[PDB]
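Below: the structure, in structure tokens.
For the numbers below, each heavy atom of this structure counts, side chains included, while hydrogens, waters and symmetry mates do not. Heads up: numbering here begins at 1 and tracks the sequence.
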Amino acid sequence: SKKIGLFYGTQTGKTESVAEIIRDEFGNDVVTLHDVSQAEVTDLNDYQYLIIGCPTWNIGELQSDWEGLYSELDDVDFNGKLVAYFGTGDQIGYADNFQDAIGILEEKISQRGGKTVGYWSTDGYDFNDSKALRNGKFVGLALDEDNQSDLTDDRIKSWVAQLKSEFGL
Ligand SMILES: Cc1cc2nc3c(=O)[nH]c(=O)nc-3n(C[C@H](O)[C@H](O)[C@H](O)COP(=O)(O)O)c2cc1C
């Protein structure tokens, strides 16, 4: 399959709204949305191209539904999969743990064989520390709907263009 499986979690709905934007931005290239509150870890097996969305909560912690699946990721093999990440977070209120959730998820998924695509520049954010940092870039798209909502659509448009190349669409 060349459809993209987008698996997101949300507590206050912001990550879901951004997920819908990414689906729209992919245009006629199909992206299928999956809320992880309704998923089983084995649903991840169904795609070769995955997009993982998660907000960071409670000072550096996973969104609740994602924590449930996280615990079972050693039950899946991500070899042969290309995986991109996005997150929502607040760089002003949580400057020391900005986007940690996607960094925790990517470290596990890459341990299990997934190959990360979609690295994103840190220019234009004001933060101190992040578990999503990888040699000076973020592991994936960092969105901030609390402080930088006006930038979200442009950031998504750019990242989707990069993803279509990295997924070979
Ligand atoms: C109590 C609380 C703690 C938060 N902790 C973090 C954090 O550690 N890191 C961060 O980047 N954002 C943090 N956020 C910001 C949320 O990730 C952000 O509002 C996000 O858009 C929520 O996504 P959701 O609506 O999909 O759940 C926190 C927000 C609140 C209210």
Side-chain angles (χ1 to χ4, degrees), residues 4-22 33-41 43-44 50-78 81-156 158-160 162-163:
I4 293 162
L6 190 162
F7 288 77
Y8 70 89
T10 190
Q11 185 169 320
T12 58
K14 295 167 210 186
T15 304
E16 181 168 80
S17 291
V18 164
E20 287 181 4
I21 304 167
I22 289 167
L33 282 39
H34 304 251
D35 180 338
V36 298
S37 70
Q38 315 296 135
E40 280 336 305
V41 74
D43 291 349
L44 298 164
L50 289 169
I51 298 173
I52 302 300
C54 191
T56 304
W57 278 93
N58 213 213
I59 321 171
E61 309 180 5
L62 297 179
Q63 187 275 334
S64 70
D65 299 307
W66 262 116
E67 174 83 47
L69 279 200
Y70 176 90
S71 71
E72 303 176 284
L73 293 171
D74 277 7
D75 289 352
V76 174
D77 172 18
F78 293 86
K81 298 196 194 305
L82 296 183
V83 191
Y85 302 78
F86 74 97
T88 64
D90 170 359
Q91 70 203 264
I92 296 188
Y94 302 91
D96 298 315
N97 293 99
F98 181 57
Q99 313 284 352
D100 286 352
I102 57 174
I104 296 164
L105 286 169
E106 185 268 352
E107 179 174 61
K108 177 52 70 167
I109 291 170
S110 290
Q111 170 209 313
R112 299 297 293 168
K115 167 115 188 121
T116 302
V117 295
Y119 292 93
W120 186 250
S121 167
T122 61
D123 281 357
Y125 300 88
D126 182 345
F127 69 102
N128 298 337
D129 207 6
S130 177
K131 289 181 170 169
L133 286 168
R134 309 280 190 273
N135 263 309
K137 286 203 187 118
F138 283 124
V139 73
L141 185 60
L143 293 150
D144 182 338
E145 293 278 86
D146 294 314
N147 311 298
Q148 297 183 319
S149 62
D150 285 331
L151 298 179
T152 288
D153 295 341
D154 293 328
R155 283 171 167 171
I156 293 166
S158 309
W159 194 59
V160 165
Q162 171 188 353
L163 292 184

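The residue from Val83, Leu44, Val76, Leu50 that alone fulfils the side-chain contact (heavy atoms from CB on, under 4.5 Å) condition with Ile109 is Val83.
No more than 12 heavy atoms of other residues, nucleotides or ligands lie within 6.0 Å of CD in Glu107, so this atom counts as exposed by the packing criterion. Environment of NZ in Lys115: sparse, with no more than 12 heavy atoms of neighbouring residues, nucleotides or ligands closer than 6.0 Å. More than 12 heavy atoms of other residues, nucleotides or ligands lie within 6.0 Å of CG in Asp75, so this atom counts as buried by the packing criterion.
The side-chain heavy atoms of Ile51 and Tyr8, taken from C-beta on, include no pair separated by under 4.5 Å. Annotation: side chain of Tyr94 is not in contact with side chain of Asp100 (no heavy-atom distance under 4.5 Å). Using a 4.5 Å heavy-atom threshold, the side chains of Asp65 and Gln38 count as separate. Using a 4.5 Å heavy-atom threshold, the side chains of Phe138 and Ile102 count as separate. You'll find the side chain of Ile92 stays beyond 4.5 Å of the side chain of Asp126, heavy atoms only. When side chains are defined from C-beta on, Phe127 counts as touching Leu133, because their heavy atoms get closer than 4.5 Å. Side-chain contact between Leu151 and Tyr125 is absent, with no heavy-atom pair separated by less than 4.5 Å. Counting heavy atoms from C-beta on, the side chains of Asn135 and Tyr119 never come closer than 4.5 Å.
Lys131 meets the salt bridge (charged side-chain N to carboxylate O under 4.0 Å, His left out) test with no other residue; sequence neighbours excluded.
With hydrogens and angles ignored, the 3.5 Å screen pairs no side-chain donor or acceptor of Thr15 with any backbone N or O of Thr88. In this structure, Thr56 contributes its side chain and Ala101 its backbone to a donor-acceptor pair below 3.5 Å. Within the 3.5 Å criterion, the main-chain N or O of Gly68 finds a donor-acceptor partner in the side chain of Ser71. Listed for the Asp144 side chain is a donor-acceptor partner under 3.5 Å among the backbone atoms of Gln91.
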Run the numbers on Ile22 and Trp159 for side chain to side chain contact (heavy atoms under 4.5 Å, CB included), then give the verdict. CA-CA 9 Å; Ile22 289 167; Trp159 194 59; 4.3 Å; yes
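Judged by distance alone, the side chains of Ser64 and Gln11 never bring a donor and an acceptor atom under 3.5 Å apart. Judged by distance alone, the side chains of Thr116 and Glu106 do bring a donor and an acceptor atom under 3.5 Å apart.
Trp120 and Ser158 get closest at one heavy-atom pair: CH2-CB, 4.1 Å.
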